[PDB]
Amino acid sequence: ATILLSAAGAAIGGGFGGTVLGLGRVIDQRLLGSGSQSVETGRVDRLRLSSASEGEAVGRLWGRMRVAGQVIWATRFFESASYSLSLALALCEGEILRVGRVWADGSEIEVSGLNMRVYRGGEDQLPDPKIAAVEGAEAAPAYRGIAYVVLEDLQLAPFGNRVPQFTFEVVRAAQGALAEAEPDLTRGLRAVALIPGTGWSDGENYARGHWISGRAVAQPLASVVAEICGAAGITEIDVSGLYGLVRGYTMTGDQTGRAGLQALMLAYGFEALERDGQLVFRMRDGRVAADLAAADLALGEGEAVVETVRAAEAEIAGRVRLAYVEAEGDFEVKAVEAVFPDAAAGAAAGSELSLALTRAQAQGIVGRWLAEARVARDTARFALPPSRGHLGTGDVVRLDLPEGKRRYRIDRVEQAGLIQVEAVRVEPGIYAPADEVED
Amino acid sequence: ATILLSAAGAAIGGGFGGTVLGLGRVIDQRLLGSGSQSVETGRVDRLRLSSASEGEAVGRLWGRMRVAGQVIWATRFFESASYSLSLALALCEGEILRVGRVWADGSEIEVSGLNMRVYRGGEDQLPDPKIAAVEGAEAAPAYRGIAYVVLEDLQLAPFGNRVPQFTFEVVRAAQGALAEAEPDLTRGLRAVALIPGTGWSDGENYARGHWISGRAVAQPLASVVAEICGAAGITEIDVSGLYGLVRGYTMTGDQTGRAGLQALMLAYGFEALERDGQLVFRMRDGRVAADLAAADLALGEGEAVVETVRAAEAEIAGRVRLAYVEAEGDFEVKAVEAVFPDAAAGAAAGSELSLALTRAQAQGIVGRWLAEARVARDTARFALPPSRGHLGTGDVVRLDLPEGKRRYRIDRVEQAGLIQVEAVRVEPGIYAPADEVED
Amino acid sequence: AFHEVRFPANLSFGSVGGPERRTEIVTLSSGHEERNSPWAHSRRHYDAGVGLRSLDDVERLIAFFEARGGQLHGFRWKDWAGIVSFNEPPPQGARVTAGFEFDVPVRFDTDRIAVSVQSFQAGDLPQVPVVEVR
Amino acid sequence: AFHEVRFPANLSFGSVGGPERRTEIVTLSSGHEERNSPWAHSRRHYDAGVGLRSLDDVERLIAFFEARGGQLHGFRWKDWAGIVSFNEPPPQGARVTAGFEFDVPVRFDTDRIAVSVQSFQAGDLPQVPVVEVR
Amino acid sequence: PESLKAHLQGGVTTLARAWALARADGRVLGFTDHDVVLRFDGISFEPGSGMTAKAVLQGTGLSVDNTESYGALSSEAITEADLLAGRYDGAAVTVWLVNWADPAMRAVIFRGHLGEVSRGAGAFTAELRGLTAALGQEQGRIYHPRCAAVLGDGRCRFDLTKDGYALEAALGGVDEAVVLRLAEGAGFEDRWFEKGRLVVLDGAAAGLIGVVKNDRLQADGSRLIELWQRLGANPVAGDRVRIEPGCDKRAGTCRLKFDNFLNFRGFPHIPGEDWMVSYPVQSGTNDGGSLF
Amino acid sequence: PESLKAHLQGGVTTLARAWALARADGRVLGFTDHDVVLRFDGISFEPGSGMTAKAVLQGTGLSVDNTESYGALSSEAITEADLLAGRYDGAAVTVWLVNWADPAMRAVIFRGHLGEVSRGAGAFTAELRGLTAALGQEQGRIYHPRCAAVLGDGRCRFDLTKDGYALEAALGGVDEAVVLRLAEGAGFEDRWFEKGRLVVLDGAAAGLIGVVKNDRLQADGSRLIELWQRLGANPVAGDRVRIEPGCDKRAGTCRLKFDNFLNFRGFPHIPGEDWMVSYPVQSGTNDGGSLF
Amino acid sequence: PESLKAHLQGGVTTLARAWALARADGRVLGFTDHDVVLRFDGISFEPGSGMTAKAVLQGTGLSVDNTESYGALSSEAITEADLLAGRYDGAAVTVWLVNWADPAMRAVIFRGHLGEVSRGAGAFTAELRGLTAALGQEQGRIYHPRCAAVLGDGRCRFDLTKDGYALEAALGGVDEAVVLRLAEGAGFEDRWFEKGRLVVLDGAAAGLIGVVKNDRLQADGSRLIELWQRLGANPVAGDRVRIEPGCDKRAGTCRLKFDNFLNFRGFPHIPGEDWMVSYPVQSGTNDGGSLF
Ligand code: SF4
Ligand code: SF4
Ligand code: SF4
């Protein structure tokens, strides 16, 4: 007997379920290009609160960034007669540097007032804190990986009498097998000293000064993306072409692995190329590798030497926005925007990045996207012969035409013995410092 | 070499990504019909709270409706010795009428107790409030578009000592180039007076009384939909066929433009027709323009003169629901439902409209949808010749048959020189007042 | 576009060709029809030319496709079938002639041609369709 | 729609054509099935006309397609096969004649025609399918 | 159709499609199916290009209409060096359905906005987005601590010619259309205009807008200026540009460089989340001040 | 299959498909592939219609099964003036797989619910939704301040015939099947039944339910009543309708017009969100009362 | 390509595809298009199987690459009794593009991971997931009150051979490859290993891992052990298994049975949601204690 209109049903499931197996987002997709599908990424956490449940995941972070933590092993309320507790707040995993500048619900509490005992969460397996001798040694938990902070005889008097939501500035050095080789500051320094001293003051040259207070924490972008693939298990990871400072990224547990990495591909713009099995992560530039003439393209599928698509004017992202974290002061969600002067009439396209970066840098990034997303309107769809197959999937083609000589970075190489390319328009001058003043 | 089963992959992306480029929802789709895809719309805000972050968008509203506002420029807590602040809460954009009936966290505070200075947010660029001479004149912000309300020497004593969430009744007149032409009450009145006076009392004839207290605020539906396309930039907008009162609609910033408008297409039901480049917004009626006989249809694609689809009984929306705002009393989220007497056994389909309307009107709307969604089960799919091409995309066809003579409003006209139509069944008696009693 | 020559003189019996129209049509399924014409003119659309002479004629014919041809040039075409009107109806033809005296400038409807050898000196090619681009 | 002329007199042996019925049909896979037609007439649908005369007849025939033709005009058609009824059943034909005496106004079912030259004076064209639009 | 129904109800009809697009520049272009050049307005529709007219769709919903409109590119036509450089972006069309026998028998099918143009293989294919393209986009301000408007905007009117602010000087040394030497660098501050409009009003790039960055004068008032993006048309080292001054969109740069601090349209103070959930501790500074 | 395996394991088999649908009205309809009229139950399956039987699908998941079941509409059959008016909506089917040589050798493939029927070109195509159609729908009450039940419901039993409440009178003046004159208007209040069941039990619309609105008597007890929707079958100005009274589903209209205020099944007071986050101020009214 | 461009820029080229997959076991397999067995490394590529090489795709995005790689299964080859039992799961490939005239002229197209293998009709079809398969997965710990690590893990090192913990004994009585009799049951506690690794290192299932359950000794140290799942290859009642002990992943079972309570990597106390929103009532127990 014949078939019904579940011919449309078998066309979907699993007719299209096989695809995504083997495979605000308003601005996330244009920056990756045709590329691949941009996974939902980094709904930035504002009002960081600590939930004491059993279903919250272990967070991870790299550098100076506040994290909420959560309660593990709180004793009963103790009335001195006007209360007292013994908390232990677990921040993040891995060996960390020390936790300073604790502030609870509200503005600020002085850490000298507290009796906190910070712990690195060392794989060395730090023993029991002995404040858990309330429980006793025989049931004292001895957390190996996670970096918990206990609190001792905490007076609940100044903040009500309820438990306040504590939030902790944490400094975590990037770890992993690629990180222990090639040591950056956080252990590479091996004794700096030279404290300038010589005592409201002269901090106008701090952004250009030789001294390294504050910014010694920030990990290079090379090892943090190496930490992601290390935790995911890819040790074949190649990352020598990366040049960036992280300064406090933070993704939670069960953040897909790649969706934590994909926020970095919007900020620093790097390729995630994978020429060979190395998965080369190179920083994206305009350095042209191909120099094709128009005479040197192959015969494509659609029988056009170069199909050139220019995207709609009604969707060009006239103004772009961020949701970065303040990273110098009290870590709070902020926003800058870049507005193109001719067409400001609409198309607001913003996204949220959960990392922490300064004020002139955020206006630099959004100034870079608004230029790039209007440059990346043009896409090219051509086929080039396997006579020059050394055009890796992330290279950029000069592509001489009779009218233009416009560069093109390429995506979605599908070859089978005929390299067919979905390029995208990329200029070299996009990837520069914006050189803006600071706050 | 051959191709893989990414033939299913290239069938999706961007094989189907080109479509939505050039293009509770349970009841939203049936009311627009085959029509077009109903965008997610109006998750109604209950517990209106004010967040003092930097990532919340500028709200917009039209008429008497409470809005949360947010904090901009709060001074430090001042202890008289038992606290004091200097807030400024920014409500919405555009020139507004005055803000009355402020109520904070909780029930109600008397505005005579406050020292608030309301501001219209005039494009005339209102100067500094001089309460920001705390900051000084040289850094005093002088907000042009947004309508902020400062608060002066606010005692935080009655509501705890924390800052309470303030919520403000705001009256905003519909603006835009189509609104300044054809003035309605809010400036059209040009002096009414005639205060009845002649002093629990006789308000049983207020809904039928000649006096205009309260309902003088409510803007006509013609200019509010003109304000949307004006802010979106369509000045070619045609709206003379609209007849409705808005009474306090509210969409936030980044509400897509159209998704704010699409809530009105569910309430007042209007076409958004676009015969010509005017984009005619006409109110939907049953006024028949076509009078086709069965002999006068063209030869379609499927080689059937009229394909008639009747939708499933298991999905007819047996009971429909709303989430309107109270609009007379303390503005709170409410709900009414209309239940069809024969089939009440299931299919609850509700949606949420963020506008404000009275009690007999809400039961009128849900009484209209439950009738319409069961009428709009029948859809017709026929083709009519270009000999009568003056059937615009939103007209309604009599469509004489041998058995029935059932009307059909049309959608999805695709012509290319053969006008092929996906109609939908529409009766005239649906669009009437329900004539119900009030609360 | 050229004004170069008519053609080689030889044309075999069977050189077919007649005017075209788009005239898209709806065929109203329950009665008569209604149909539109956007042309006001007609592409003459000559087909099925055949060169048949010695091989001395072939090398001036294969490069007829090549030299002044390429793809995109005129080579005014001779019809064996300044404004000409047709008065045999009470309607009118009134169809213009950009070239003089039935010369109908065309172009070949081929990506390639195919000349055959039939004997020591026989040169044949089966078809060269044209459409008379303006 | 015109009333211009019948046609050139010549029609070759093989000028085929017979009534065409919508006959919308369901074809139940069980067995017997029902059907109905919305015409109450029948498009006569004549095909395969051939003009064969001298080349003097051709130029009044190629512009027959063009001048009063275009695509969308009548040119009443002569059948070699005011209301005519058919009484050989106890049912009836009762089919109308808008034109007089079997003249059946039509239109050609072609975007183009294709006239051939078969000898110094021979003019041929293989087919001109019509459908007698009302 | 508008009173051509007498023409149209007859089966004998002759309506040939035709349309005009108005570019962002003042010139229009003409296109028709009729195969003979015709005009009714002063547009002179040419059948040399354009015009396949494939299947205009409609919808009562806010979703746009569409027509891919296959055609040809040529020297008289769009020519694609014009198209690639940045023109035809917000090009407005009207499609018409004229009678070629009498062009006073016509109507508009839709007035479009021509969103996506895909050119290739010596031809172009241009999706005609419908009247409702602007709906479906996000418009709003997000209370961010910068400004929000451009210089010419109504929310911050400036009178951008009011003094020696604009740099009107003609161009030399165009190099790779990002670097621009500019013979008359001298006349202004170093790094005066960092976010400005490089409107170029002569030559190849006629009326084309780019954005400046790196306003640096190296020697004797050279004023080497970069841009974010290519202009897309090469200036010929003789063109005239004018550059409006640069706004950092910040309160300090607003009031110092420009006088217009009144028309700010920005949100400088905007306390923060941690202020909001804070309860007032009775320690340290609790007197009225800036909170900055 | 149920013990026809002895028939079925042989390659020589003869199982001809056949099914019966029971309409919402008491009559059933018969359909078979066998090409000869056969019956096993009192259904008399007719091969004159129905029966293409295309590809019943299955699933352990809650998703329904489906069968499009192409067929024919005729005067003996569905006839489509029956179908369009509102019948065959919740029509229940059983598909069978009978042996035509012996109809006692049969089973049920599924028992369906016939959701979507698409008729066209002189035929009908009717998607047979599976047994699990009711799952996948939202059922609930939302604490709204009206009532929630219909009059006949178990949550509000009424005894709807208990007095002169129902209007049993025969119909005249049907007009456009929305307006109904009704000769015997007199006997009740003006605007008595505003949300009632217009069950019409005779003639063309036999047992068809509409909902009333605008119960107005103009002169001498005319009682002109509108409806929300068309009945879909024209009443013939002689039919008998009965109209149950109208419930506004409100506490005031409940207890006044009807006695049954006990069986309310509604939520009248329901304080509100602003009450919930309110802290008690010690000013004004703070004594026990209605809060209304 | 790596310095075969001199070979490749000529139109006369001869690059024949070829690839090697390394299974989870130490053996590799060879595959080539060249139709003659060739090798460059010690792999001995065989053209007897594999190798249709359909359309490797790429992407700058984190999404994997793919190649379906149609081929043949045979006794020398994969043979599909190997594949079905649980091998070739995380099989790592490298595809090469060798010159068959000179195999020193080669490169790697990608190094894959061979995710989905669909075998059927006497052939196999194996989707080659790209290098980035591991990205796109969720990895994390959720503060649950058990442990979180396996026995061999770095977060809980154990020295799993340190005493008589492992049961090294050779197998008898395999039955349906879930029940295992085991001749040498005696030597351990009853129900000693309940979540352990049944690594079988001889015979048919060579190096195949299952998980134990129901460690019960019925008579004279029989130790009948179930498994969760089939091994997929039948052990032959003579194989040698070793079973590591079972960890309940709980603090009581941690410290009692095992000494390693220090390396816990778990979260035993974890107070709860109701503790968090609780305000301290000044009644009953409010002295410092376990809260357990
Ligand atoms: S700084 Fe002044 S002129 Fe410049 S954008 Fe801001 S408000 Fe407008
Ligand atoms: S008013 Fe009474 S009878 Fe009517 S629906 Fe409500 S509870 Fe039932
Ligand atoms: S009980 Fe001990 S050995 Fe076992 S998994 Fe837990 S920590 Fe590791």
# chains A, B, ... in the order shown; residues from 1 in each chain; ligands from 1
call {"tool": "select_by_dssp", "arguments": {"residues": "segment 174-238 of chain E", "states": "strand (DSSP E)", "output": "PyMOL selection string"}}
result
chain E and resi 197-200+208-216+224-227
call {"tool": "write_last_selection", "arguments": {"atoms": "C-alpha atoms", "output": "PDB file, in the first residue's frame"}}
result
ATOM      1  CA  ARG E 197      32.285  60.254   8.874  1.00  0.00           C
ATOM      2  CA  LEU E 198      34.652  60.164   5.918  1.00  0.00           C
ATOM      3  CA  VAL E 199      32.128  61.262   3.348  1.00  0.00           C
ATOM      4  CA  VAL E 200      33.838  61.288  -0.042  1.00  0.00           C
ATOM      5  CA  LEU E 208      30.435  56.910   0.252  1.00  0.00           C
ATOM      6  CA  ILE E 209      30.737  56.785   4.044  1.00  0.00           C
ATOM      7  CA  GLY E 210      33.546  55.243   6.044  1.00  0.00           C
ATOM      8  CA  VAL E 211      34.617  55.589   9.663  1.00  0.00           C
ATOM      9  CA  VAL E 212      37.982  56.956  10.711  1.00  0.00           C
ATOM     10  CA  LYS E 213      40.489  55.650  13.254  1.00  0.00           C
ATOM     11  CA  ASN E 214      44.125  56.526  14.084  1.00  0.00           C
ATOM     12  CA  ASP E 215      44.107  60.250  13.296  1.00  0.00           C
ATOM     13  CA  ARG E 216      47.833  60.874  13.472  1.00  0.00           C
ATOM     14  CA  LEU E 224      47.611  59.988   8.157  1.00  0.00           C
ATOM     15  CA  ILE E 225      44.204  58.502   8.909  1.00  0.00           C
ATOM     16  CA  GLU E 226      43.198  54.869   8.908  1.00  0.00           C
ATOM     17  CA  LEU E 227      39.728  53.504   8.488  1.00  0.00           C
TER      18      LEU E 227
END
call {"tool": "interface_residues", "arguments": {"of": "chain A", "to": "chain G", "cutoff": "6 Å", "atoms": "only C-alpha atoms", "output": "mmCIF file with N, CA, C and O atoms, in the first residue's frame"}}
result
data_model
loop_
_atom_site.group_PDB
_atom_site.id
_atom_site.type_symbol
_atom_site.label_atom_id
_atom_site.label_comp_id
_atom_site.auth_asym_id
_atom_site.auth_seq_id
_atom_site.Cartn_x
_atom_site.Cartn_y
_atom_site.Cartn_z
ATOM 1 N N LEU A 23 27.222 17.360 13.764
ATOM 2 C CA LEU A 23 27.498 18.777 13.663
ATOM 3 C C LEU A 23 27.530 19.320 15.081
ATOM 4 O O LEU A 23 27.146 18.626 16.023
ATOM 5 N N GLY A 35 30.678 29.272 8.571
ATOM 6 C CA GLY A 35 31.351 28.600 9.670
ATOM 7 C C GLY A 35 30.719 27.340 10.203
ATOM 8 O O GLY A 35 30.703 26.300 9.544
ATOM 9 N N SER A 36 30.200 27.436 11.416
ATOM 10 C CA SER A 36 29.325 26.416 11.951
ATOM 11 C C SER A 36 28.312 27.051 12.882
ATOM 12 O O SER A 36 28.355 28.251 13.160
ATOM 13 N N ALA A 52 22.401 26.414 48.040
ATOM 14 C CA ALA A 52 22.940 25.302 48.800
ATOM 15 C C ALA A 52 22.338 23.959 48.429
ATOM 16 O O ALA A 52 22.319 23.062 49.271
ATOM 17 N N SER A 53 21.851 23.787 47.205
ATOM 18 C CA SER A 53 21.195 22.539 46.825
ATOM 19 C C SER A 53 22.215 21.464 46.488
ATOM 20 O O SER A 53 23.417 21.625 46.699
ATOM 21 N N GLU A 54 21.720 20.357 45.942
ATOM 22 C CA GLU A 54 22.598 19.296 45.476
ATOM 23 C C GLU A 54 22.663 19.179 43.967
ATOM 24 O O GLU A 54 23.304 18.255 43.472
ATOM 25 N N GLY A 55 22.022 20.058 43.216
ATOM 26 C CA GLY A 55 22.008 19.931 41.778
ATOM 27 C C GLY A 55 22.772 20.993 41.026
ATOM 28 O O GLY A 55 22.712 21.015 39.792
ATOM 29 N N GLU A 56 23.481 21.875 41.714
ATOM 30 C CA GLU A 56 24.269 22.904 41.058
ATOM 31 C C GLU A 56 25.604 22.295 40.670
ATOM 32 O O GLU A 56 26.100 21.407 41.363
ATOM 33 N N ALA A 57 26.169 22.746 39.560
ATOM 34 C CA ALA A 57 27.361 22.087 39.061
ATOM 35 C C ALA A 57 28.622 22.788 39.552
ATOM 36 O O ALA A 57 28.597 23.937 39.991
ATOM 37 N N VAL A 58 29.736 22.063 39.483
ATOM 38 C CA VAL A 58 31.024 22.624 39.860
ATOM 39 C C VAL A 58 31.448 23.658 38.834
ATOM 40 O O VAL A 58 31.572 23.356 37.644
ATOM 41 N N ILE A 72 28.614 23.840 51.674
ATOM 42 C CA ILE A 72 28.835 22.433 51.963
ATOM 43 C C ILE A 72 29.280 22.357 53.408
ATOM 44 O O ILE A 72 30.246 23.025 53.777
ATOM 45 N N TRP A 73 28.586 21.555 54.221
ATOM 46 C CA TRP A 73 28.879 21.402 55.652
ATOM 47 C C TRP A 73 28.787 22.739 56.398
ATOM 48 O O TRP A 73 29.758 23.466 56.601
ATOM 49 N N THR A 75 27.388 23.945 60.039
ATOM 50 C CA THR A 75 26.908 23.463 61.326
ATOM 51 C C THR A 75 25.620 24.177 61.711
ATOM 52 O O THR A 75 25.142 25.070 61.013
ATOM 53 N N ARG A 76 25.054 23.769 62.841
ATOM 54 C CA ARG A 76 23.819 24.381 63.309
ATOM 55 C C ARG A 76 24.104 25.781 63.826
ATOM 56 O O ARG A 76 25.253 26.118 64.118
ATOM 57 N N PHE A 77 23.065 26.612 63.880
ATOM 58 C CA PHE A 77 23.215 27.962 64.407
ATOM 59 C C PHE A 77 23.581 27.893 65.869
ATOM 60 O O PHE A 77 22.998 27.117 66.612
ATOM 61 N N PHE A 78 24.574 28.662 66.274
ATOM 62 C CA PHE A 78 25.047 28.635 67.648
ATOM 63 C C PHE A 78 24.784 29.981 68.301
ATOM 64 O O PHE A 78 25.282 31.005 67.832
ATOM 65 N N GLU A 135 32.346 17.332 63.195
ATOM 66 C CA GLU A 135 31.930 16.028 62.705
ATOM 67 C C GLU A 135 32.789 14.915 63.276
ATOM 68 O O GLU A 135 32.286 13.818 63.535
ATOM 69 N N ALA A 142 37.535 15.877 53.569
ATOM 70 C CA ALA A 142 38.849 15.969 52.899
ATOM 71 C C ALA A 142 38.730 16.087 51.382
ATOM 72 O O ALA A 142 39.042 15.155 50.641
ATOM 73 N N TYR A 143 38.243 17.233 50.926
ATOM 74 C CA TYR A 143 37.955 17.425 49.512
ATOM 75 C C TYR A 143 39.238 17.528 48.704
ATOM 76 O O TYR A 143 40.095 18.365 48.988
ATOM 77 N N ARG A 144 39.361 16.693 47.681
ATOM 78 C CA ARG A 144 40.589 16.655 46.889
ATOM 79 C C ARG A 144 40.606 17.773 45.852
ATOM 80 O O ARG A 144 41.424 18.693 45.928
ATOM 81 N N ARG A 162 19.967 35.973 59.199
ATOM 82 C CA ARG A 162 19.977 34.935 58.197
ATOM 83 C C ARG A 162 21.374 34.766 57.626
ATOM 84 O O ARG A 162 22.270 35.583 57.842
ATOM 85 N N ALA A 232 38.562 18.360 28.189
ATOM 86 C CA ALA A 232 37.738 17.580 27.280
ATOM 87 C C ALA A 232 38.458 16.321 26.830
ATOM 88 O O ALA A 232 37.815 15.363 26.397
ATOM 89 N N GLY A 253 29.911 24.404 35.251
ATOM 90 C CA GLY A 253 29.867 23.011 34.877
ATOM 91 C C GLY A 253 28.713 22.752 33.933
ATOM 92 O O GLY A 253 27.708 23.466 33.950
ATOM 93 N N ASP A 254 28.893 21.730 33.096
ATOM 94 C CA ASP A 254 27.955 21.349 32.039
ATOM 95 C C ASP A 254 27.693 22.514 31.087
ATOM 96 O O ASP A 254 26.559 22.763 30.680
ATOM 97 N N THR A 256 28.982 22.558 28.098
ATOM 98 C CA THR A 256 29.122 21.915 26.792
ATOM 99 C C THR A 256 30.599 21.739 26.428
ATOM 100 O O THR A 256 30.907 21.026 25.476
ATOM 101 N N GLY A 257 31.529 22.305 27.182
ATOM 102 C CA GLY A 257 32.906 22.322 26.750
ATOM 103 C C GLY A 257 33.145 23.391 25.710
ATOM 104 O O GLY A 257 33.868 24.354 25.958
ATOM 105 N N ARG A 258 32.527 23.249 24.543
ATOM 106 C CA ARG A 258 32.839 24.144 23.443
ATOM 107 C C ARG A 258 32.182 25.500 23.609
ATOM 108 O O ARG A 258 32.713 26.508 23.139
ATOM 109 N N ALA A 272 40.309 28.483 15.469
ATOM 110 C CA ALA A 272 40.046 27.062 15.731
ATOM 111 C C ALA A 272 40.084 26.266 14.428
ATOM 112 O O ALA A 272 39.080 25.733 13.967
ATOM 113 N N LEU A 273 41.272 26.184 13.838
ATOM 114 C CA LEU A 273 41.367 25.941 12.407
ATOM 115 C C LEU A 273 41.231 24.460 12.076
ATOM 116 O O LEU A 273 40.341 24.072 11.319
ATOM 117 N N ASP A 276 45.343 19.854 10.183
ATOM 118 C CA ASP A 276 45.680 18.458 10.343
ATOM 119 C C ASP A 276 45.038 18.006 11.632
ATOM 120 O O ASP A 276 44.187 18.695 12.194
ATOM 121 N N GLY A 277 45.455 16.841 12.119
ATOM 122 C CA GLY A 277 44.926 16.353 13.379
ATOM 123 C C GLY A 277 45.382 17.113 14.610
ATOM 124 O O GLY A 277 45.058 16.707 15.730
ATOM 125 N N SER A 387 44.767 20.884 -7.340
ATOM 126 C CA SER A 387 46.149 21.209 -7.677
ATOM 127 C C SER A 387 46.790 22.059 -6.596
ATOM 128 O O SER A 387 48.002 21.990 -6.381
ATOM 129 N N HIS A 390 46.624 22.797 -0.529
ATOM 130 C CA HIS A 390 47.239 23.223 0.718
ATOM 131 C C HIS A 390 46.569 24.462 1.289
ATOM 132 O O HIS A 390 47.030 25.012 2.292
ATOM 133 N N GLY A 394 40.964 27.196 7.178
ATOM 134 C CA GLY A 394 40.887 28.527 7.739
ATOM 135 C C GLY A 394 41.737 29.591 7.082
ATOM 136 O O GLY A 394 41.868 30.682 7.646
ATOM 137 N N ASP A 411 35.537 29.026 4.693
ATOM 138 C CA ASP A 411 34.880 28.105 5.609
ATOM 139 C C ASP A 411 34.279 26.960 4.809
ATOM 140 O O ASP A 411 34.182 27.033 3.583
ATOM 141 N N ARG A 412 33.821 25.936 5.540
ATOM 142 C CA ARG A 412 33.021 24.809 5.030
ATOM 143 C C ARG A 412 33.610 24.167 3.783
ATOM 144 O O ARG A 412 32.930 23.975 2.777
ATOM 145 N N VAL A 413 34.896 23.851 3.852
ATOM 146 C CA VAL A 413 35.560 23.162 2.759
ATOM 147 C C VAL A 413 35.033 21.742 2.658
ATOM 148 O O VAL A 413 35.123 20.964 3.611
ATOM 149 N N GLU A 414 34.459 21.410 1.512
ATOM 150 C CA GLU A 414 33.980 20.071 1.210
ATOM 151 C C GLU A 414 34.626 19.634 -0.087
ATOM 152 O O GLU A 414 34.308 20.185 -1.142
ATOM 153 N N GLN A 415 35.550 18.679 -0.024
ATOM 154 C CA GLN A 415 36.395 18.448 -1.203
ATOM 155 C C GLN A 415 36.041 17.231 -2.059
ATOM 156 O O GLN A 415 35.640 17.394 -3.215
ATOM 157 N N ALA A 416 36.167 16.016 -1.511
ATOM 158 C CA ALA A 416 35.988 14.750 -2.257
ATOM 159 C C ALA A 416 36.822 14.664 -3.540
ATOM 160 O O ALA A 416 36.479 13.939 -4.475
#
call {"tool": "residues_near_ligand", "arguments": {"ligand": "ligand 1", "cutoff": "7 Å", "atoms": "only C-alpha atoms and all ligand atoms", "output": "VMD selection string"}}
result
chain E and resid 147 to 151 156 158 247 to 251 253 to 254 258 260 to 261 263 to 265
call {"tool": "atom_distance", "arguments": {"atom1": "atom CA of residue 165 of chain G", "atom2": "atom CA of residue 203 of chain G"}}
result
23.8 Å
call {"tool": "interface_residues", "arguments": {"of": "chain C", "to": "chain E", "cutoff": "6 Å", "atoms": "only C-alpha atoms", "output": "ChimeraX atom specification"}}
result
/C:34-39
call {"tool": "write_last_selection", "arguments": {"atoms": "C-alpha atoms", "output": "mmCIF file, in the first residue's frame"}}
result
data_model
loop_
_atom_site.group_PDB
_atom_site.id
_atom_site.type_symbol
_atom_site.label_atom_id
_atom_site.label_comp_id
_atom_site.auth_asym_id
_atom_site.auth_seq_id
_atom_site.Cartn_x
_atom_site.Cartn_y
_atom_site.Cartn_z
ATOM 1 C CA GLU C 34 -7.305 34.276 -20.006
ATOM 2 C CA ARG C 35 -3.754 34.760 -21.219
ATOM 3 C CA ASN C 36 -1.163 37.531 -21.321
ATOM 4 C CA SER C 37 1.487 38.470 -23.892
ATOM 5 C CA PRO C 38 4.509 40.572 -22.796
ATOM 6 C CA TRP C 39 6.347 40.599 -26.150
#
call {"tool": "residues_around", "arguments": {"residues": "segment 92-108 of chain C", "least_positions_apart": "5", "cutoff": "8 Å", "atoms": "only C-alpha atoms", "output": "PyMOL selection string"}}
result
(chain C and resi 6+41+44+71-79+82-87+128-134) or (chain D and resi 63+66-68)
